[PDB]
Amino acid sequence: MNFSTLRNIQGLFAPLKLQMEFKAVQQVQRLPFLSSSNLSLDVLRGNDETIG
Amino acid sequence: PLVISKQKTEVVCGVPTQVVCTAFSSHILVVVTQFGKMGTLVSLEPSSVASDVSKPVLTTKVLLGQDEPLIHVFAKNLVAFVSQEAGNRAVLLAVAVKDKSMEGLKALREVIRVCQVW
Amino acid sequence: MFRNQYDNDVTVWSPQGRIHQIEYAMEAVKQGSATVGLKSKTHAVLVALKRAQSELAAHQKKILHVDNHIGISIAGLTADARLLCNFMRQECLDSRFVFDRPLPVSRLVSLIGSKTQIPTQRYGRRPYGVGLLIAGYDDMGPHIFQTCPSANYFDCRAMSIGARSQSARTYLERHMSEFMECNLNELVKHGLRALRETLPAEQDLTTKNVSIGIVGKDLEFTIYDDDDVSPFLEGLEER
Amino acid sequence: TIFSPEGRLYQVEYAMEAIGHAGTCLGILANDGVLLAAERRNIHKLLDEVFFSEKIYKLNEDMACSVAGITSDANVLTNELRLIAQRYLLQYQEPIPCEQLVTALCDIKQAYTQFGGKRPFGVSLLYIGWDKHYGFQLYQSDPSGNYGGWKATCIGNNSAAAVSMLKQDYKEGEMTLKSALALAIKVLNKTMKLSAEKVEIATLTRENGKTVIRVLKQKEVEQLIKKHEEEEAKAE
Amino acid sequence: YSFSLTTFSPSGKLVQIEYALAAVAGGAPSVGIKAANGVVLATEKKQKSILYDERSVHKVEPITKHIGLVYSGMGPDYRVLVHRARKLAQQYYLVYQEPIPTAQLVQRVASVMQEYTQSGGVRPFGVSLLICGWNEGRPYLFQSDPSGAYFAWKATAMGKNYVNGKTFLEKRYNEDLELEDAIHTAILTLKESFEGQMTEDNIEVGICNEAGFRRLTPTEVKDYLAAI
Amino acid sequence: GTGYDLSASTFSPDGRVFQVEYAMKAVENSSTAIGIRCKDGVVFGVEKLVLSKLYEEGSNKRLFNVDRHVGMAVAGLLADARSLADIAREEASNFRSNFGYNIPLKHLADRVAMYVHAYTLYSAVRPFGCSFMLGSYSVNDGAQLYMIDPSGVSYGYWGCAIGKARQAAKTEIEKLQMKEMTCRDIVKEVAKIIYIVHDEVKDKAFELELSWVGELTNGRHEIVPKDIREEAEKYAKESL
Amino acid sequence: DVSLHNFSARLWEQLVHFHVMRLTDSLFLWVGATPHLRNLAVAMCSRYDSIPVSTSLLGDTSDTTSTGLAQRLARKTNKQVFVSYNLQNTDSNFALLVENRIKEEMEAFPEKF
Amino acid sequence: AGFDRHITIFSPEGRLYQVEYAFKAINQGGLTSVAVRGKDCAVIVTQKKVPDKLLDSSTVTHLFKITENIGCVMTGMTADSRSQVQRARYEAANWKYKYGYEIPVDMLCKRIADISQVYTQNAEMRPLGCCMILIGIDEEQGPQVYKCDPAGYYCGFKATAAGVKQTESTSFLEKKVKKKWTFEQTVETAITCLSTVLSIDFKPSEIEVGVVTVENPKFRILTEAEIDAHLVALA
Amino acid sequence: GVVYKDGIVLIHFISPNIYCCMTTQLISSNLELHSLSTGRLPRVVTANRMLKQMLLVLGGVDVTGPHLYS
């Protein structure tokens, strides 16, 4: 279950929507600032309830 | 070692050549030289406006060296499969080859495949 | 009066159903000098006009060489022209180097249009501001193509773009019924006569402000400039 | 992040103006110690005698600080200070100098006024501490990232009058802890009717080669204010 | 009576934080009381109709074996914060091989909340949390605002009519209060200004002890309501 | 919708998105095109305006060939229509490669409609400004006709019309009995409707473009032969 | 031929890894804590300037650590040096520790540089 | 600029007007849906409108099959509803792949609500103007009815409604539920509620009915003959 | 290692009524988070899948009945 499988099953629109959502959420990013927590990014990616 | 690399040398079309591959989490570094030095430096990245994001098109940019269409064509046809098989990751290529031809490219692709680290 | 809020970005629709930035970009083609393109049964010819300033300050490359069977002429933004020329050269070279066969002109023009359509829909980008005339020869014969900043392309029997090209267009429309049976000399004469219509009533064509590009059967794309245009210029009549 | 046509930073000016409406803090340096005095703007009977907006934080065993501004930003900055001090101690096997700590925090404060698209921290600090290089010290900070050493200073509400009275009634090289406490009480009473339950007092000193930081009790504050009342009654 | 487009209010505070606090003050009431041995949390769970299913969603949630919390404000923000709190507790347990102290968890949650008050393109959370815990045989009770400023209390209330609840708690609090009396006092505070009939299904009660944190079964709530 | 109509990520106080409405209004300044589904095929018809005599015949086509068995008719912005045609071709090719048989028109319409709808949610892009119809025929499936609009909604139709004069064309189509007719009569009916709904004074001279896919073509989309077009045009002119 | 060397050290509270690739009168150095590559620069010794000529190939233009480190290494070794410094620490004295560790490794194994 | 043109800006009274406008966008469709839970069954009934005579009525529907044992009915914008259905199917497949068993109805509803919550806290994207009602049967709990909204709030119900006339439908259902069901009684109750609220006598081709039963736990869509038989039995 | 009647008789602790014979801490924490989110006792299949992507005898009882993997 990945982007290729999603494209083959549903179509070209689903991975495009997922990547646009990821890019829109990831706009909170800067190098010379303090550490940050990516709450919305983890919620969208689905890994907000598991530990890596 | 945080970074994994492989190297191997042969003789391609009668001239010795050295191939080195090093893998990062954001780039793959491929060195193909016939002079022992890094010559033209080329960067290949997936397009950010690709409609097919599973198999996106590649954009070629020359960072250091001479800018010619042949360089772009050679780099794309040489490392497209390396970019594709690594999970759509960017490739940083340093190539210094005396003469460019399709037979030489096909011969070098096998040597690149042998040194797979991705 | 009400256009202020809707004419600053390319991703904003007007309440009338229009995008004004595309029209503004198309308005930038008329900032360059005029070009004329026409074809016959076996040949395709591009004729261009150089800027009236002195040649010491700058040398202008109005007609460019893309492949052995494709050549283009530009009018608009130099950077956009350079980008498009590099893209076309890379496409043709890749086709030859890989498949050992020439690239069809229709395929090339479709690729150009597809590439140029993208920046008209994204935020923080602007449309290309250049216009192109493409002349080529392939299995289907001679071809003349026109490209627009709005990512639209047309198939033409004869066309003129640039500043004050309406008179050239009118001449081409009037005399278009006899281009097919003409040979190279008469075709170039017709092109020069059409291009002359964009000049004031007293100026005349000179070897220092005329460029010619010719492609056809058993003849690769060639550019004639400076003293090379004398054989074509000789024989022309008074206005 | 944008220069004014006259060469000023509107965001920094707004932050300083906003801080100008916060509580009043005091700092006085003496020959044998240094103290901090603050004003408790909010108070309830149901607080749990810990984490009760205790404005005098403890960074190390040698240093302490006071805050006038946004509480959450203050918490973030104090936590960062604690990690910086611990990291320096682990690296060099030696406590960090107070000026070095202040500079380390001021660099972070200044980066936010130049980079990115985030608003600057609206917090002003007051540092007290002791080190073998210079002894007892007292510094100050502002959102723009500037800092400097002082002998007596005040930040917050009605700070101008407090500074004027401090410069009028302060003498260098002749004041001790008791005189400093009396002057601080007088200045706080003048700049604020004052009650013994509306102030917090902390002191720093050395006890046989060991820094000691203490917070004055309610009974001690009541005794001090009673002594001040007796003195002002005797004056008139 | 006033709308401002600036960052800092004329009183010296952030305008958006004041608006978020105004949003919080319109939520359902919540009450927290710390007794001699344990902490009790209570809230009002009034539903709009009988068509609802009370056994579906809960307002009192446990974070770990010894930590629980309740909210007053917007439900989705509380839901998104609970998962992050649980993840932080699990990470601390994995790293340090010991249960996380209540103060550390409150600090981390407050830092996460504060992170959203400085960046651009986002808005602050519209919730206020009450957190209870038990460490070293000593109960704890904390309250956090939308901006991330937290204080330790002995008895407090938020939501609708929280000033009257605070006055009631001030009038009827004792230093040697027991857990049963604390539960009775919390239920009485909730009953004050309830505009309805209180049953065992429209309120939620949670307690913390030395044995951990747990949510009361509705039968126990009915038994407690029988005494009153 | 003043004050709420500068982005596609904004809601109106009454619950409307005005950028999508402006995009749909952008289709109304294009020449009208119609499509009628018949008993054994689908017939397309486009009223094409001539720009100048310097253009070769057969350029600026508005009837595409998506695949071997799918026909497409567009209206609105030409570049957007060409990009959408490329997307449809890619989807059909991918389905052919994976599942090994020709894609049903329903799935293709759904995929293209979802791709179109994906551009109406974010402020970093703008909605498409074109509408189009798809036609197909099969022995075991019959005739199919679909419509996709800039909002991203797809439906099946018995008779459709898009462009500047879609209302009058729809009123004319409603009087037909296409469920029992054949293609050889539907072509003449389409020509008559196109000639009727054309404005002679506001717009200059035009040319008629016709096509079908059906049983007599064996599931292929082609261009009407010249003689049939001439007969249909003569019938339309003598009826009008 | 081409030689590869790899080593690491612990500075402050982080583990830093160093990767070195040696070519014919050339050098490539990568420094970082995570396997990322976002900076790159090259420096060469020239007779038309007193400071070695250098330029930035990848990354932000506000970071000058890679450029200066490449310039100093090229001056010291008289070679063409590529340097990729990816550490993201705000403290300005951490780069001094990194440079000292690099130097120490240089006299430790002179044949690998 | 303004407290109502920004999704990430609170009003002085602490309100988010973009979410309220998204809620208002649901009524643009003009239809009403009713879901009623029985003793061992769940029934969803929606209203079908096909005004155009040139439109193929077989292509108009609002009942969807998310999983072989989960059904759905959508109210609001058509394209938004279809996108939401596709996202729900993707999430169900991902959950099955990650955990080795089929996703429960409450978990799917929670995941959808969690996804919807993010759209309300970022300014570069807008919420979807649609409402989702899911039905299913749990292994150890029986029939279940769940409902979502653009704000990200979800809950379980015994009976619910969406779209226009939702208040009237809820008022009608409250009295019946308080008074206090077999398979025939649930369908009859839902149809009677819709008919009384709309003040229309229904025809077998004017409504869509989907059911799920403990005996047959697979989602099924009733046919026109079955709907007509139910209508005759009711009348 | 014998599947008895209505149970398994068989010791690292990974979850209630799930036992296997450090990554076990990580899997236990993940299962605890999953159980807290769902509100139900974890299944053996979830532990099996998590261990499979993690990389030995696993045995436990769930709502579906006794289980035993290798």
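None of the figures in this text is laboratory data; all of them are computed from the coordinates on show. Heads up, the Cβs are rebuilt from the backbone with ideal geometry, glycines too, and the neighbour counts pull from every protein chain shown.
Does any residue of the stretch G:62-71 turn out to be in a helix (DSSP H, G or I) and either among the aliphatic types (A, V, I, L, M) or over 12 Å from the mean Cα position of the chain (by Cα) (or both)? First the steps, then the outcome.
Of all residues in the stretch G:62-71, those in a helix (DSSP H, G or I) come to G:65-71.
Still in the list and also either among the aliphatic types (A, V, I, L, M) or over 12 Å from the mean Cα position of the chain (by Cα) (or both): G:69-70.
Scanning the stretch G:62-71 turns up at least one residue that is in a helix (DSSP H, G or I) and either among the aliphatic types (A, V, I, L, M) or over 12 Å from the mean Cα position of the chain (by Cα) (or both).
Can you say whether C:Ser150 is in contact with a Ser or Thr (Cβ under 8 Å, 6 or more places away or on another chain), outside any helix (DSSP H, G or I), surrounded by 22 or more Cβ atoms within 10 Å (Cβ to Cβ) and within 14 Å of another protein chain (Cβ to nearest Cβ), as far as the supplied structure shows?
On the way: in contact with a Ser or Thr (Cβ under 8 Å, 6 or more places away or on another chain): yes; outside any helix (DSSP H, G or I): yes; surrounded by 22 or more Cβ atoms within 10 Å (Cβ to Cβ): no; within 14 Å of another protein chain (Cβ to nearest Cβ): yes.
Judged against the criteria, C:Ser150 is not a match.
Among the strands (runs of 3 or more DSSP E) confined wholly to the stretch E:117-204, which include 2 or more residues that are more than 15 Å from the chain's Cα centre (by Cα) and either within 14 Å of chain H (Cβ to nearest Cβ) or closer than 17 Å to D:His44 by Cβ (or both)?
Details: elements: E:127-134, E:139-144, E:150-152, E:155-158.
Strands (runs of 3 or more DSSP E) meeting the threshold: none at all.
Provide a single number: the residues in the stretch H:169-224 that are within 14 Å of chain E (Cβ to nearest Cβ) and either assigned to a strand (DSSP E or B) or aliphatic (A, V, I, L, M) (or both).
The total comes to 3.
Would it be correct to say that B:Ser48 is away from chain G (no Cβ under 11 Å), touching a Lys or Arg at 6+ places or on another chain (Cβ under 6 Å) and either surrounded by fewer than 19 Cβ atoms within 10 Å (Cβ to Cβ) or in a loop (DSSP other than H, G, I, E, B) (or both)? Steps first, answer last, please.
On the way: away from chain G (no Cβ under 11 Å): yes; touching a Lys or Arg at 6+ places or on another chain (Cβ under 6 Å): no; either surrounded by fewer than 19 Cβ atoms within 10 Å (Cβ to Cβ) or in a loop (DSSP other than H, G, I, E, B) (or both): yes.
Criteria not met by B:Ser48.
Only one residue in C:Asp155, C:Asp139, C:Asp100 is within 14 Å of chain F (Cβ to nearest Cβ) and surrounded by fewer than 22 Cβ atoms within 10 Å (Cβ to Cβ), so which one is that?
On the way: C:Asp139 fails: within 14 Å of chain F (Cβ to nearest Cβ); C:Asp100 fails: within 14 Å of chain F (Cβ to nearest Cβ).
Every option except C:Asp155 fails the conditions.
Matching residues to (1) touching a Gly at 6+ places or on another chain (Cβ under 7 Å); (2) of a type in the set (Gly, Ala, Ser):
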| site | (1), (2) |
| --- | --- |
| D:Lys132 | no, no |
| D:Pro143 | yes, no |
| D:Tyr147 | no, no |
| D:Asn157 | yes, no |
| D:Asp169 | no, no |
| D:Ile185 | no, no |
| D:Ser195 | no, yes |
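Check every one of the strands (runs of 3 or more DSSP E) wholly within the stretch H:29-92 and list those with 2 or more residues that are within 22 Å of F:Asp149 (Cβ to Cβ). Talk me through it step by step, then tell me what you get.
Working: elements: H:32-37, H:41-47, H:63-67, H:70-76.
In the stretch H:29-92, H:70-76 are the strands (runs of 3 or more DSSP E) which contain 2 or more residues that are within 22 Å of F:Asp149 (Cβ to Cβ).
Can you pull out the residues in the stretch A:11-45 that are outside any helix (DSSP H, G or I), in contact with a helix residue (DSSP H, G or I) (Cβ under 7 Å, 6 or more places away or on another chain) and more than 8 Å from chain F (Cβ to nearest Cβ)? Show your work before the answer.
As a first pass, look at the stretch A:11-45 and keep what is outside any helix (DSSP H, G or I): A:11-12, A:26-38.
Okay, now just the ones that are also in contact with a helix residue (DSSP H, G or I) (Cβ under 7 Å, 6 or more places away or on another chain), so A:11-12, A:26, A:32, A:36-37.
Of everything in the stretch A:11-45, those that are outside any helix (DSSP H, G or I), in contact with a helix residue (DSSP H, G or I) (Cβ under 7 Å, 6 or more places away or on another chain) and more than 8 Å from chain F (Cβ to nearest Cβ) turn out to be A:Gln26, A:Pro32, A:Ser36, A:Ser37.
For the stretch C:66-83, state whether one or more residues are closer than 21 Å to F:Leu78 by Cβ and more than 13 Å from the chain's Cα centre (by Cα). Break it down into steps so the answer makes sense when it comes.
Going residue by residue through the stretch C:66-83, those that are closer than 21 Å to F:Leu78 by Cβ are C:76, C:80.
Filter once more, so that each one left must be more than 13 Å from the chain's Cα centre (by Cα): C:80.
Yes.
Search the stretch B:10-38 for residues being within 11 Å of chain G (Cβ to nearest Cβ) and surrounded by fewer than 17 Cβ atoms within 10 Å (Cβ to Cβ), and hand back the single one that is nearest to G:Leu29 (Cα to Cα).
Per the stated criteria, the residue is B:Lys37.
Restricting to the stretch D:63-87, name every residue that is over 23 Å from E:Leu14 (Cα atoms), surrounded by 19 or more Cβ atoms within 10 Å (Cβ to Cβ) and over 14 Å from the mean Cα position of the chain (by Cα).
If we filter the stretch D:63-87 for residues that are over 23 Å from E:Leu14 (Cα atoms), which is where we start, we get D:63-65, D:81-87.
Now restrict to residues that are surrounded by 19 or more Cβ atoms within 10 Å (Cβ to Cβ): D:63-65, D:81, D:85.
Answer for the stretch D:63-87, where residues must be over 23 Å from E:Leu14 (Cα atoms), surrounded by 19 or more Cβ atoms within 10 Å (Cβ to Cβ) and over 14 Å from the mean Cα position of the chain (by Cα): D:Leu81, D:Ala85.
Can you go through H:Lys165, H:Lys158, H:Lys147 and tell me which one is of a type in the set (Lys, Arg), surrounded by 16 or more Cβ atoms within 10 Å (Cβ to Cβ) and closer than 15 Å to H:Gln47 by Cα?
The unique qualifying residue is H:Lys165.
Can you tell me which residues in the stretch F:135-161 are assigned to a strand (DSSP E or B), within 13 Å of chain H (Cβ to nearest Cβ) and closer than 23 Å to F:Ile103 by Cβ? Lay out the reasoning, then the answer.
Applying the first criterion (assigned to a strand (DSSP E or B)) to the stretch F:135-161 yields F:135-138, F:142-148, F:154-157, F:159-161.
Still in the list and also within 13 Å of chain H (Cβ to nearest Cβ): F:142-148, F:154-157, F:159-161.
F:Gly142, F:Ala143, F:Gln144, F:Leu145, F:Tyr146, F:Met147, F:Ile148, F:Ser154, F:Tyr155, F:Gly156, F:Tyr157, F:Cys160 - these are the residues of the stretch F:135-161 that are assigned to a strand (DSSP E or B), within 13 Å of chain H (Cβ to nearest Cβ) and closer than 23 Å to F:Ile103 by Cβ.
Here is a check on your reading of the model: is E:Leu105 within 16 Å of E:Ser144 (Cβ to Cβ), surrounded by 20 or more Cβ atoms within 10 Å (Cβ to Cβ) and away from chain H (no Cβ under 14 Å)?
Details: within 16 Å of E:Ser144 (Cβ to Cβ): yes; surrounded by 20 or more Cβ atoms within 10 Å (Cβ to Cβ): yes; away from chain H (no Cβ under 14 Å): yes.
For E:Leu105, the condition - within 16 Å of E:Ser144 (Cβ to Cβ), surrounded by 20 or more Cβ atoms within 10 Å (Cβ to Cβ) and away from chain H (no Cβ under 14 Å) - is met.
Restrict the check to the stretch F:78-98 and report whether at least one residue is assigned to a loop (DSSP other than H, G, I, E, B) and closer than 15 Å to F:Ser131 by Cα.
Start the filter on the stretch F:78-98 by keeping residues that are assigned to a loop (DSSP other than H, G, I, E, B), which leaves none.
There is no residue in the stretch F:78-98 that is assigned to a loop (DSSP other than H, G, I, E, B) and closer than 15 Å to F:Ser131 by Cα.
Check the stretch H:91-109 and report whether any residue there is within 11 Å of chain F (Cβ to nearest Cβ), buried (at least 20 other Cβ atoms within 10 Å of the Cβ) and touching a helix residue (DSSP H, G or I) at 6+ places or on another chain (Cβ under 9 Å).
No.
Out of (1) away from chain H (no Cβ under 14 Å); (2) of a type outside the set (A, V, I, L, M, F, W, C); (3) over 27 Å from F:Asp185 (Cα atoms), the odd one out for F:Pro13 is which?
(1)
Keeping to the stretch H:1-28, report how many residues are buried (at least 23 other Cβ atoms within 10 Å of the Cβ) and in a loop (DSSP other than H, G, I, E, B).
3
When you scan the stretch C:158-239 for strands (runs of 3 or more DSSP E) that lie fully inside it, which ones turn up with 3 or more residues that are surrounded by fewer than 17 Cβ atoms within 10 Å (Cβ to Cβ)?
Values: elements: C:158-161, C:210-216, C:219-224.
Counting at least 3 such residues, we get C:219-224.
Name every residue in the stretch F:45-89 that is in contact with a helix residue (DSSP H, G or I) (Cβ under 8 Å, 6 or more places away or on another chain), more than 14 Å from chain C (Cβ to nearest Cβ) and more than 28 Å from C:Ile118 (Cβ to Cβ), in order of residue number.
Scanning the stretch F:45-89 gives F:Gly45, F:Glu47.
May I ask you to list the residues in the stretch H:199-210 that are surrounded by 17 or more Cβ atoms within 10 Å (Cβ to Cβ) and farther than 15 Å from H:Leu234 by Cβ?
Of everything in the stretch H:199-210, those that are surrounded by 17 or more Cβ atoms within 10 Å (Cβ to Cβ) and farther than 15 Å from H:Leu234 by Cβ turn out to be H:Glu208, H:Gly210.
Which residue pairs have Cβ atoms under 7 Å apart, sit 6 or more places apart or on different chains, and have a first residue in the stretch I:56-70 that is over 8 Å from I:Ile8 (Cα atoms) and a second that is in a strand (DSSP E or B) and of a type in the set (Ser, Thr, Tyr)?
Partner pairs satisfying both residue conditions: I:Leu58/I:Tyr69.
Which of the residues that make up the stretch E:19-46 are more than 9 Å from chain H (Cβ to nearest Cβ) and either more than 23 Å from E:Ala155 (Cβ to Cβ) or not in a strand (DSSP E or B) (or both)? Don't jump to the end; show me each part of the working.
The first filter runs over the stretch E:19-46 and keeps only residues more than 9 Å from chain H (Cβ to nearest Cβ), leaving E:27-46.
Hits for the stretch E:19-46 are E:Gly27, E:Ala28, E:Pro29, E:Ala35, E:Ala36, E:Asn37, E:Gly38, E:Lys45, E:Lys46.
Identify all residues within the stretch F:122-163 that are surrounded by 24 or more Cβ atoms within 10 Å (Cβ to Cβ) and on the phi > 0 side of the Ramachandran plot; write none if there are none.
The answer is F:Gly152, and nothing else.
Could you list, in sequence order, all residues of the stretch B:10-35 that are part of a loop (DSSP other than H, G, I, E, B) and out of contact with any strand residue (DSSP E or B) (no Cβ under 6 Å at 6 or more places or on another chain)?
Kept after step one, since they are part of a loop (DSSP other than H, G, I, E, B), are these residues of the stretch B:10-35: B:13-14, B:24-26, B:34-35.
Of everything in the stretch B:10-35, those that are part of a loop (DSSP other than H, G, I, E, B) and out of contact with any strand residue (DSSP E or B) (no Cβ under 6 Å at 6 or more places or on another chain) turn out to be B:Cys13, B:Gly14, B:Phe24, B:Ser25, B:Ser26.
Output the residue which, of all residues in the stretch F:196-230 that are of a type in the set (D, E, K, R) and in a strand (DSSP E or B), is surrounded by the most Cβ atoms within 10 Å (Cβ to Cβ).
Kept after step one, since they are of a type in the set (D, E, K, R), are these residues of the stretch F:196-230: F:199-200, F:202-204, F:207, F:209, F:215, F:220, F:222, F:226-227, F:229-230.
Now narrow it down to the ones that are in a strand (DSSP E or B): F:207, F:209, F:222.
Working: F:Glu207: 12, F:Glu209: 19, F:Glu222: 12.
The extreme case among them is F:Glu209.
When the stretch H:120-168 is examined, which residues are found to be more than 21 Å from H:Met77 (Cα to Cα) and assigned to a helix (DSSP H, G or I)?
H:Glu168, the sole residue that qualifies.
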